[PDB]
Structure formats: C-alpha cells, structure tokens
Amino acid sequence: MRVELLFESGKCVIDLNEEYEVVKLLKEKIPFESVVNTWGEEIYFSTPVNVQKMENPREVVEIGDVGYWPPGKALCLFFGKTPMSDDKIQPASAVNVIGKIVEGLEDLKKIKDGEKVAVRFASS
C-alpha cells in the first residue's frame, strides 16, 4: 500500500505492507495533513491513527525504512543517524518496521520543523 507525502520543500513516497492492522486502519485516514516535526536527522508527525500493536518490532533500522511510533501516535522517517545511538541507527523506541522509504531520501534533509505534509495514497 503506497502513501505519497508532499511537503512545502519537496516530497517522498513510502510503501507499507498490508499484512498489518495499522496499514488497514490508516486507509480510513488518508489523505491527511500534519506538522512535520524533526529530531536530529529524522522527521515524524502526529498521525490521526491510534494503534499500539506491532507485528514486526525492531530496535534499529536502515537509512531507508519506515516504522510507526505507537507510544506518541507518531510516524517516523529515518534518513540519517539521529543523536540517539552510537554504533547503529537506533530509534526512540522498539518501533515496528512496516514500511519502506521507496522515494525522497535526499529531499528529507532539506525540510524544516513545519513544512506541512499532505499525505496521500500515491498512484495518482
């Protein structure tokens, strides 16, 4: 299940495996908009969904994967090493890896902490 994220500065697209309740429940809440929040070298936003179940949790990811941040109802978008590591790009919590940054991996560095995402399903 694709999802395209347009911002003011640029855009990306992320793609999420439909085996997961959160992806199905997100289908009720797309398109949507949000404040693009930032933390070091990741971007997240206050999603309108609320699920805390996690079918495939991890404690580190690649520079091009996507999770959900259940405890704060946020997304994540990991595109560099945040300040919360030493060896490897560990996130703020044991987040699932349910999605992939299929696109946008350089334009994410040029966003601000408020470039108004407007999320869509992609395949427009």
# chains A, B, ... in the order shown; residues from 1 in each chain; ligands from 1
>>> select_by_dssp(residues="chain A", states="strand (DSSP E)", output="ChimeraX atom specification")
/A:2-6,11-16,32-34,37-39,42-44,65-66,68-69,74-75,77-78,99-103,117-120
>>> residues_around(residues="residue 64 in chain A", least_positions_apart="2", cutoff="8 Å", atoms="only C-alpha atoms", output="PDB file with N, CA, C and O atoms, in the first residue's frame")
ATOM      1  N   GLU A  62      17.439   0.519   8.767  1.00  0.00           N
ATOM      2  CA  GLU A  62      18.287   1.133   7.755  1.00  0.00           C
ATOM      3  C   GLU A  62      17.953   2.616   7.590  1.00  0.00           C
ATOM      4  O   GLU A  62      16.984   3.126   8.146  1.00  0.00           O
ATOM      5  N   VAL A  66      10.742   2.532   7.281  1.00  0.00           N
ATOM      6  CA  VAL A  66       9.710   3.288   7.983  1.00  0.00           C
ATOM      7  C   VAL A  66       9.060   2.426   9.055  1.00  0.00           C
ATOM      8  O   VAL A  66       8.775   1.241   8.849  1.00  0.00           O
ATOM      9  N   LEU A  77      10.409   8.686   9.859  1.00  0.00           N
ATOM     10  CA  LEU A  77      11.071   8.790   8.566  1.00  0.00           C
ATOM     11  C   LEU A  77      12.553   8.926   8.891  1.00  0.00           C
ATOM     12  O   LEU A  77      12.988  10.002   9.310  1.00  0.00           O
ATOM     13  N   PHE A  78      13.308   7.839   8.755  1.00  0.00           N
ATOM     14  CA  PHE A  78      14.712   7.786   9.133  1.00  0.00           C
ATOM     15  C   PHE A  78      15.557   7.948   7.877  1.00  0.00           C
ATOM     16  O   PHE A  78      15.430   7.133   6.972  1.00  0.00           O
ATOM     17  N   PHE A  79      16.399   8.983   7.807  1.00  0.00           N
ATOM     18  CA  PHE A  79      17.218   9.276   6.623  1.00  0.00           C
ATOM     19  C   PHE A  79      18.647   9.706   6.980  1.00  0.00           C
ATOM     20  O   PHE A  79      19.457   9.963   6.088  1.00  0.00           O
ATOM     21  N   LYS A 100       8.720   1.217   3.981  1.00  0.00           N
ATOM     22  CA  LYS A 100       9.967   1.437   3.278  1.00  0.00           C
ATOM     23  C   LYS A 100       9.909   2.850   2.735  1.00  0.00           C
ATOM     24  O   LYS A 100       8.875   3.234   2.183  1.00  0.00           O
ATOM     25  N   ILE A 101      10.977   3.627   2.897  1.00  0.00           N
ATOM     26  CA  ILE A 101      11.147   4.874   2.166  1.00  0.00           C
ATOM     27  C   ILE A 101      11.494   4.414   0.759  1.00  0.00           C
ATOM     28  O   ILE A 101      12.624   4.003   0.504  1.00  0.00           O
ATOM     29  N   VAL A 102      10.494   4.328  -0.115  1.00  0.00           N
ATOM     30  CA  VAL A 102      10.748   3.953  -1.502  1.00  0.00           C
ATOM     31  C   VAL A 102      11.342   5.137  -2.275  1.00  0.00           C
ATOM     32  O   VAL A 102      11.990   4.943  -3.300  1.00  0.00           O
ATOM     33  N   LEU A 105      14.769  10.217  -0.396  1.00  0.00           N
ATOM     34  CA  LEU A 105      15.754  10.004   0.652  1.00  0.00           C
ATOM     35  C   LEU A 105      16.750  11.152   0.819  1.00  0.00           C
ATOM     36  O   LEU A 105      17.482  11.148   1.802  1.00  0.00           O
TER      37      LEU A 105
END
>>> residues_around(residues="residue 25 in chain A", least_positions_apart="6", cutoff="12 Å", atoms="only C-alpha atoms", output="ChimeraX atom specification")
/A:1,18-19,47-51
>>> write_last_selection(atoms="C-alpha atoms", output="PDB file, in the first residue's frame")
ATOM      1  CA  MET A   1       0.000   0.000   0.000  1.00  0.00           C
ATOM      2  CA  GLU A  18      -0.868  -4.537   4.030  1.00  0.00           C
ATOM      3  CA  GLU A  19      -0.459  -7.503   6.453  1.00  0.00           C
ATOM      4  CA  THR A  47      -0.815  10.810  12.858  1.00  0.00           C
ATOM      5  CA  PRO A  48      -4.628  10.714  13.261  1.00  0.00           C
ATOM      6  CA  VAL A  49      -4.498   6.890  13.744  1.00  0.00           C
ATOM      7  CA  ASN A  50      -4.080   5.268  17.163  1.00  0.00           C
ATOM      8  CA  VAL A  51      -2.862   1.637  17.292  1.00  0.00           C
TER       9      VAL A  51
END
>>> residues_around(residues="residue 90 in chain A", least_positions_apart="4", cutoff="6 Å", atoms="only C-alpha atoms", output="list in words")
residues 59, 60 and 85 of chain A
>>> write_last_selection(atoms="C-alpha atoms", output="short mmCIF file (atom, residue, chain, number, x, y, z; two decimals), in the first residue's frame")
data_model
loop_
_atom_site.label_atom_id
_atom_site.label_comp_id
_atom_site.auth_asym_id
_atom_site.auth_seq_id
_atom_site.Cartn_x
_atom_site.Cartn_y
_atom_site.Cartn_z
CA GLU A 59 15.43 -1.57 17.83
CA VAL A 60 17.48 -0.34 14.78
CA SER A 85 22.83 5.93 19.02
#
>>> closest_residue(among="A:35, A:23, A:61, A:114", to="residue 82 in chain A", atoms="only C-alpha atoms")
A:61
>>> atom_distance(atom1="CA of residue 27 in chain A", atom2="CA of residue 120 in chain A")
10.0 Å
>>> residues_around(residues="residue 56 in chain A", least_positions_apart="3", cutoff="9 Å", atoms="only C-alpha atoms", output="PyMOL selection string")
chain A and resi 95-98
>>> write_last_selection(atoms="C-alpha atoms", output="PDB file, in the first residue's frame")
ATOM      1  CA  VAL A  95       9.245   0.589  16.655  1.00  0.00           C
ATOM      2  CA  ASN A  96       7.891  -1.752  14.036  1.00  0.00           C
ATOM      3  CA  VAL A  97       9.299  -1.767  10.540  1.00  0.00           C
ATOM      4  CA  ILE A  98       6.102  -1.840   8.457  1.00  0.00           C
TER       5      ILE A  98
END
>>> select_by_dssp(residues="chain A", states="helix (DSSP H, G or I)", output="NGL selection string")
:A and (21-26 or 70-72 or 107-110)
>>> atom_distance(atom1="CA of residue 16 in chain A", atom2="CA of residue 3 in chain A")
7.7 Å
>>> closest_residue(among="A:65, A:42, A:87, A:55", to="residue 109 in chain A", atoms="only C-alpha atoms")
A:42
>>> closest_residue(among="A:94, A:84, A:119, A:26", to="residue 8 in chain A", atoms="only C-alpha atoms")
A:119
